[PDB]
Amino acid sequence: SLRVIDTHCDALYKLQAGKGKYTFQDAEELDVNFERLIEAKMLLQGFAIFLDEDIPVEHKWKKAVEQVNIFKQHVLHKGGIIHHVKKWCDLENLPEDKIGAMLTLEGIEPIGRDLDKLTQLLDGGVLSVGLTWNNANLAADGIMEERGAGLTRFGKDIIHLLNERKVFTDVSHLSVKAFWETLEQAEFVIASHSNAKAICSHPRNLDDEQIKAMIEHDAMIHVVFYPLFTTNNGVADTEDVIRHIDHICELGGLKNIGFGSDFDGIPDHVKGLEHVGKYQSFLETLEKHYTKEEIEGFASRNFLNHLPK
């Protein structure tokens, strides 16, 4: 078996929505739960902070802080084993009996116009920040906004702070224009959950030009287990996920590929990747296609080679 790094799940959004109905220990309805993370042999799971687009502007910060509190109270020190990775040394020094968990921020909506709110989140240990979800916000346009604009000054100022703090700038969800501008501005670039658009043409995916640029930037691309972004017909299994891995390798990105499941953030599943406990069976499926060294690259080593430094 091999340890796993997965950059993106929406367990916090789901736990929050559940209103106490879900036990993180073992709830079957949670794609990511304690028992399943153990089964996965998880090394590091990214937990996104994300609010429904319908949480009003005046409550977004409160609800985000609530998610951070859910993380601290119900995820963290689960089994004593879940260990909060708040800085990159925490991961590099992680005890072998621990499973690392980091916070990431999916769109800067919760900070309003206040950079100090972002500072608070970074101090709290957020290690990757997506400037946008799908919508227009004060930092940039996300991919679903028809205007498709790039970065605002605020967006640029945010990226500068991220660079300074050795935090990833996450391009998943950005408009095409914001993507290109972000590559010029950001020092530590990741796509925490995006697939290849040549293989599945959803606008949420990255085209060949974008993928080549990511590689040139020495960025990480973390493939996502959502059938809608995996196959054009919307029905997908693990071999279909591998077609994206193949494609990125073909574009020169063997060492730039990781996993970003989007577990708990998706209405249906890739067959064979129904929940995070399926990870080990998926890695063995990979053995028909790639060497153990290459698979270890996808599972953890690529990400580990790209920590902000």
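Don't overthink the numbering: it's just position in the shown sequence, from 1.
- 219 to 227 and 74 to 82 differ in mean CA B-factor, and the higher of the two is recorded for 74 to 82.
- Higher mean CA B-factor, judged across 159 to 167 and 93 to 101 from the recorded values: 93 to 101.
- In the PDB entry, a CA B factor belonging to the highest third of its chain's modelled residues is recorded for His59.
- Annotation for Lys117: C-alpha temperature factor in the middle third relative to the rest of the modelled chain, per the entry.
- In the deposited entry, the Cα temperature factor of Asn33 places it in the lowest third of its chain's modelled residues.
- Among all modelled residues in this chain, the alpha-carbon of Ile257 has a temperature factor (C-alpha) in the lowest third.
- In this PDB entry, the Cα temperature factor of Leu51 sits in the middle third of its chain's modelled residues.
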